[PDB]
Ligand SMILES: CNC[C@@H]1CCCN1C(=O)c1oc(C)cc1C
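Before any questions on how it binds or moves, here is one chain, the form solved without the ligand, in structure tokens.
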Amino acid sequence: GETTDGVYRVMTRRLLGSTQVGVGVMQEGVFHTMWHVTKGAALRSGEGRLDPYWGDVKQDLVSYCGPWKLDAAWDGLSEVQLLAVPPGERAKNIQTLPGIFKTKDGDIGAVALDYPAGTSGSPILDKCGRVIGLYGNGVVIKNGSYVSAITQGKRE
């Protein structure tokens, strides 16, 4: 059905009423989202049906209809924007300057914005308007505030 480039809500009816479990990005006819959101399950778009194509539980990423398409990266200097799509609320761009996640395999950016679980999979944009990652997989620090990583997948 709807293959339009843009940010989408991932919804379910298995629970009470309509519930937003996550968010995702559609680009080049491919839907990109965090793995913990769908658990690799098939999606529906009107009478159309999206099937998983690629996935990885460690990276916490999953693409539908095709391979991963998002490839822009944070330059480690500039301010980025989180395109937050909260459950039952309008999409709201929140400009922030990312932090750092020092891991044994290298550093990756981190957005320190606090949102409900149903917001997982919200794109993080650069100044041109390119998706440099997905917000939704991170850790809770000392003062209870949430810090998500800037999760990006590998293009082929």
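Numbering starts at 1 and follows the sequence shown.
The same protein also has a form deposited with the ligand bound, omitted here; what follows describes it.
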Would the ligand, positioned as it is in the deposited complex and superimposed via the C-alphas around its site, fit into this form without 3 or more of its atoms falling within 2.4 Å of the backbone or C-beta atoms? Open or blocked? open
None of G40, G99, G48, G129 but one has a heavy atom within 4.5 Å of the ligand in the deposited complex; the exception is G40
Listed by sequence position, which residues of 45-65 have a non-hydrogen atom within 4.5 angstroms of the ligand in the deposited complex? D51, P52, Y53, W54, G55
